[PDB]
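Participant: just the starting chains for now, same placement as in the complex:
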Amino acid sequence: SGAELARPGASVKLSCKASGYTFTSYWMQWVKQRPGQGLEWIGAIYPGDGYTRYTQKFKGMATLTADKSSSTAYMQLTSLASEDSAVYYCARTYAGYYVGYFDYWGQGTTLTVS
Amino acid sequence: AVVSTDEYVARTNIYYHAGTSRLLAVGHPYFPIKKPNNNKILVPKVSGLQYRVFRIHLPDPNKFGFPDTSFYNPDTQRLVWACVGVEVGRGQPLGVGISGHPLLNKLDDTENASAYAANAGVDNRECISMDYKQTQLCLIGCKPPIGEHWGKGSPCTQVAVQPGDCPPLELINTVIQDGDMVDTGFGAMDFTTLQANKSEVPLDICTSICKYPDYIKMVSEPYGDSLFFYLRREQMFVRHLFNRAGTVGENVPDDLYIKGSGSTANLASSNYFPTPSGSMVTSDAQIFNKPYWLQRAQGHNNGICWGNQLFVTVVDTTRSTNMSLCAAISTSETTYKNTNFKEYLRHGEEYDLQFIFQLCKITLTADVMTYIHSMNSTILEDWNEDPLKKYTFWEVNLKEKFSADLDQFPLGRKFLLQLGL
Amino acid sequence: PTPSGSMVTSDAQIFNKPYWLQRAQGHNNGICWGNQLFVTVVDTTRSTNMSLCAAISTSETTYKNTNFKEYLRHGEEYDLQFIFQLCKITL
């Protein structure tokens, strides 16, 4: 999804459309990168069964969900503050309950909170 | 209210013996051999694990030609055959078969492991066989036998079934047809509609339905025509304990364990499944080649063969031996070459049904006609086309097999000796 | 140790047989005070679990463990039947 401007205290929901593979067989990651900063893990979701894993830091901040019929993963960020202004990436780790590498990344969505 | 047949069915003193010559069945143990381009069956599937449902046809005692007919009044009454003795003869030597699948969904051996198993790649299926659970049973009635099995139930109109979602179960009552398969250790279910995998069980039940007699339902049956006598003997134990490859359909709740790490970081499939094994087969435990005296039935129908019909269902896995026979493509070279020989599999079944029937008479009074009419109107209509054409069973014609000289037959001698007079 | 309840057999069945509660070893000889009655059962001779897996896709003619979701289900079937005798108590 495209860049987004939201005000402090609000919430936003960004999407990631999958394509090129059997969506429901693969786990999706969400990653945060603040301006000039490194990468931070937000959490992961398994669209096939609805399972989620969250970095303790983001529990209560991020909500992951997915829509099988549209092969789309979503991430909702609530109670926004300027600390949430960052580029957010969605990424695929390959199929299974194993802990694989991140093999495909979205182009990223920039969130400005102000 | 229903009443015992002893109430309205009179017993004469005439007895007849009847028997099949010797039924024989030869075919392939796991699947039928047919023309690829065609669909005509060249060789049928014949396994010791199939049900044998015999549809016994009896000569109409009313049309029958007895030497004496003074024993009843063809004006006030009618005649029916009553089954009083049965002998299910079996003829091959005792032995155990064996079934498998070249691509059975078996990940790893979970009975005992020295290190955490690798990781499921793509297709970890193995060529595996097993000796099914032992089963001996015999059902007799004047209506076909009824079974139960789990199938895919109809979904509730709500939450759209996501692909891969677990299908809903539903116990389904069905008519047990000749050739159907018996539960082999994986329970009684429809593997075709409940296992897309097509590799969870051996080939012979792989795309079939394993049905189990619904004894409860049949005995509850008000008139008790479906079965007025039965013998069941089944045993089984766990030979091996395996894992199923595939992907978690339902995850293990994390409140049931402590997360691992490194190798134990990823949970191995806890979708276990055991390999059955019907132990040793023995003479002492045989159910067949013994006569069954159907004198007192637990149901209200005491062995009366309404419609001049009679059903004998059988399952005997104590003679499931499959024989491999291979022909050489060339009779030259004195050096073995796998390729010079075509290997095949064949299984033979041998039966011999024998019965003792007792003639009976029914005075068609008002009450009797009302009752019999309610029970099964066709009875009266037929008295002075096949309603089960949809189903298939081993048809057995005994219209030309009745004999008044029990003396001349083994089941006959046994009967006389048993009943004294 | 790892347990193992050996082979299961018909001949050893406890159920599908009627129990005639005529003489009780206790003082209450089958009286159902409170018009209640408790029937506790445990039968592991029909513990077969059946695995049913659905395909995520019905296309590819090549097996892929990722294409099938494996599950486990178990079914139990009961049918309780009783014979009751009316009793009276002069208070």
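Facilitator: Okay, I see it. Numbers count the residues shown, from 1 in each chain, chains lettered A, B, ... in the order given.
Participant: if we ignore the residues flanking it in sequence, what's nearest residue B:401?
Facilitator: Of all residues not flanking residue B:401 in the chain, residue B:18 sits nearest, at 4.5 Å (CB to CB, 6 or more residues apart in numbering or on different chains). C-beta coordinates here come from the backbone N, C-alpha and C atoms, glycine included.
Participant: actually residue B:263, sorry about that
Facilitator: Per CB to CB, 6+ apart, closest to residue B:263 is residue B:116, 4.5 Å.
Participant: now residue A:58
Facilitator: Spatial nearest neighbour of residue A:58, chain neighbours left out: residue A:42 (4.9 Å); criterion: CB to CB, 6+ apart.
Participant: for that neighbour, the count of nearby residues, please.
Facilitator: Residue A:42 has 21 neighbours, counted by other CB atoms under 10 Å in any protein chain shown.
Participant: before we move on, which element is it in?
Facilitator: strand A:40-46 (DSSP states H and E).
Participant: quick check: buried residues in that strand?
Facilitator: Buried positions in strand A:40-46, judged by neighbour count with 16 or more other CB atoms under 10 Å in any protein chain shown: A:42-46.
Participant: what is the neighbour count of the residue of the stretch 101-250 of chain B found nearest chain A?
Facilitator: Nearest residue of the stretch 101-250 of chain B to chain A: residue B:162, at 5.3 Å (CB to the nearest CB). Other residues near residue B:162 come to 16 when the count uses other CB under 10 Å.
Participant: pretty sure it contacts residue A:66?
Facilitator: No. Counting by CB atoms under 8 Å, residue B:162 does not reach residue A:66; the two are 10.7 Å apart.
Participant: in the chain, which residue is most central in space?
Facilitator: Assuming you mean chain A. Closest to where the C-alpha atoms of chain A average out (CA atoms, centre = their mean) is residue A:30, at 3.2 Å.
Participant: that's the wrong chain, I wanted chain B
Facilitator: Geometric middle of chain B (CA atoms, centre = their mean) lands on residue B:51, at 2.3 Å.
Participant: append chain D to the structure above:
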Amino acid sequence: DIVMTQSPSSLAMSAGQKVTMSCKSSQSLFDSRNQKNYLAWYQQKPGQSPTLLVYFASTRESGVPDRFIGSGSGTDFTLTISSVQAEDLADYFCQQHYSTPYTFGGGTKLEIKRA
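Facilitator: Next up, chain D placed on what we already have:
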């Protein structure tokens, strides 16, 4: 949590020089289950999303130039560029894939020196 330390945080090299970047883990990434070291390296060029270079510590992803070499095991990993090219201008990150939570190293910014 497993903490990953990358060094150096920034490196300026001229074309043709060998580039060496180190990555630390707090816990061993070696899983005896399949004897692999669950380490991945990613390349993020200016304005782009991270691209996978190396996984299982030393396995190169298809399409990645052979000048990129991952190595190491346990707690000490290295990404080497045998002969740096101008197009290798990027931030480089390491991430463990051994147990959760996934954490990223701080990154190494590779700049190119020239005349």
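Participant: can you check the nearest residue to residue B:263 again with chain D included?
Facilitator: Residue B:263 sits nearest to residue D:33 (CB to CB, 6+ apart), 2.9 Å away.
Participant: do I have it right that that neighbour meets residue B:262?
Facilitator: Yes. Using CB under 8 Å, residue D:33 is in contact with residue B:262, at 7.0 Å.
Participant: distance check, the residue nearest to the centre of chain B against chain C.
Facilitator: 17 Å (CB to the nearest CB, to the nearest Å).
Participant: next: residue A:82.
Facilitator: 41 Å.
Participant: what's the answer for residue B:131, then?
Facilitator: Taking CB to the nearest CB, one finds residue B:131 at 12 Å from chain C.
Participant: just residue A:29 next, same as before
Facilitator: Distance, residue A:29 to chain C, using CB to the nearest CB: 18 Å.
Participant: could you count how many residues lie near that residue?
Facilitator: 23.
Participant: check which helices and strands the strand or helix carrying it sits against.
Facilitator: Following DSSP H and E, one finds residue A:29 within strand A:27-33. Strand A:27-33 sits against strand A:40-46, strand A:62-67, strand A:72-77, strand A:86-93, with contacts defined as 3 or more CB pairs under 8 Å, 6 or more residues apart in numbering or on different chains; DSSP states H and E.
Participant: now do the first one: everything it contacts.
Facilitator: Surrounding strand A:40-46, the residues in contact under the criterion CB atoms under 8 Å, 6 or more residues apart in numbering or on different chains are A:27-34, A:51-55, A:57-58, A:62, A:64-66, A:73, A:75, A:88, A:93, D:101-104.
Participant: what subset of those is buried?
Facilitator: A:27-33, A:53-55, A:58, A:62, A:64, A:66, A:73, A:75, A:88, A:93, D:101-104.
Participant: now the nearest residue to residue B:227 once chain neighbours are set aside: how far from residue B:176?
Facilitator: Using CB to CB, 6+ apart and skipping residues adjacent in sequence, the residue nearest residue B:227 is residue B:141, 3.9 Å away. Per CB to CB, to the nearest Å, residue B:141 is found 11 Å from residue B:176.
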